[PDB]
Structure formats: structure tokens, C-alpha cells
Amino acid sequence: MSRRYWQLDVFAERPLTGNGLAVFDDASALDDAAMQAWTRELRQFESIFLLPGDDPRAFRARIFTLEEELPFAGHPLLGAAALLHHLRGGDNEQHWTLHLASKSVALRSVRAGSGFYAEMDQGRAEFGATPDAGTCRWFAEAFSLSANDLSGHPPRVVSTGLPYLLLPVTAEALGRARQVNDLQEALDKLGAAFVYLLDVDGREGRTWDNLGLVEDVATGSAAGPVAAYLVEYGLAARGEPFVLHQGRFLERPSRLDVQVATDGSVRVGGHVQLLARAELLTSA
């Protein structure tokens, strides 16, 4: 009858750094409303809910923000992989498959110091709309920037599941960005869900919830697209490990490991720490 959730940090080499995450390792008793309600209870930027089946290395997953369900490849999957490794045991590399509605994601995990290192294969990035010149300018100003604050590389919608409008801006512009306009209908025109501000030279990014109020520490769902973008436009090497940076404006500077293969496939990885195990005391 025991049901649990776990508090983890992802993209974290020590506890109480990186991006906090709640993981429910067996959410079989919860309906969708309960999953959304528990996500709001725990107040982590995302919670992930695992549904076991007949394969001990494969789980269905459901990912929620405090706003909505996001059934797309992201860093909650890294945290889930680490937790599954903790629960199974074994000193060797472990392989996992997590099923989201839209796709299957292959992951691997290894033990690393006090915690784990986990990596996922997000597949090849899909490059979508290119905003026209007037639209690029509008998005800059929606974040309190000007058209000159944009870089010399094209804003584009890039996706490994959840489409981001990647908006290349200068390092200077990134530090003073503030969302002041509603982005919903502008993003709708471009087939994009969220904006990710990107310093391509410093390989650093910033992104928020839809209202621009809560900033995400480290966004695995954007890390893939960003990596694929940098490689596509000759700003990073194919087949080599590099790092993206996120979270320093929240005093939680984090490192996201990324790589684009010859196939196109982008892999995203990071360290994971386990912080707490919680037993549910309410009715199932």
C-alpha cells in the first residue's frame, strides 16, 4: 500500500543545486487530476509520474508543470532514470525506456559519486518556422530588448518534442531580459510553445513559464533543440561533447551536457542527486 515520491536535483553534482524535481515511481493509483494536483502540491517546476508494466526496464511517464501536462522529452526523464537505478541497484551501467504519449525515449544511467549520471537520446531535432524580420523584432521587445540586441543568426523554432522559438540575443541583452507582453498568439503563428533566449557564443540560455514569472533553472527539453541549432549553424562541432549553461540568474548555475551525432540524434545528459524519500499518508 506504500506509495512514495522522491525529491531529486537534476544537472546537479551536489545536493541543493541544479533543477529540483519530484518523481512518483508508481503512480498507478492516480488519475490525471490527481497528478496535476500533486504537481501543484510539491511546487517543483516539473513533477514526473511513472507507470510500471511488465518490462522492469520500461515505464510510461507523465510530466506536468504547475500549468499543464507536457508529454515531451525533458530532464524529468534524467531524474526518473537515476531513481530507477537507485531502486534496482547494480554497479553497472543501466538502460531504460520511458514512454511518453508522443514517443519513446532511451536512457542510460551510471553511478557517479554521491549520485548518478544520466543521459537520454532525444532523436533528431525538427527545424520549423523562421519568423520574418518584423516578427523577430517584436519578440525582442516582448522581453524588454531591441532589434539590435538580436544576434546575426536566425531565430527559429526547433523541437525534439516540445517546440521552442530559439531567439539568439547578445550576452549583454540576456542579463536584462524581462517578459512584458503576452506571447501566446505570436507563438501560435510560429507553431512554438515557448521562447528560449540564447547567447550562442557563451552557450547560455534563459527561459520562463508562459507568464514570464518563474524562471526554469535548467531545461532539458530546450537543451536538445539548442544543441541541434548550434551544430546546424556551424557554431558547435558535430560528434563532440559540449556544455550548455543555465540557471545562474537564479543563483543555481547548472551544466547540461549535449551532443549531436552524425545521424542528427541529440543526446542530453547530466548529474543527478537524490535528496529525500517521501511516504504518502493519504488515501490511495
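The first residue of the sequence shown is number 1, and the count goes up from there.
The PDB entry records a higher mean C-alpha B factor for 169 to 177 than for its counterpart among 169 to 177 and 153 to 161.
Higher mean CA B-factor, judged across 88 to 96 and 179 to 187 from the recorded values: 179 to 187. As recorded in the PDB entry, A142 shows the highest C-alpha B-factor of the residues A106, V110, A142, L78. Of the candidates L197, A82, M120, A101, the one whose C-alpha carries the top B factor in the deposited record is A101. In the deposited entry, the Cα temperature factor of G224 sits in the middle third of values across the chain's modelled residues.
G20: CA B factor in the lowest third of modelled residues in this chain (values from the PDB entry). The PDB entry assigns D263 a C-alpha temperature factor belonging to the highest third of its chain's modelled residues.
Looking at the C-alpha B-factors along this chain, the one for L244 belongs to the middle third. Looking at the C-alpha B-factors along this chain, the one for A58 belongs to the lowest third.
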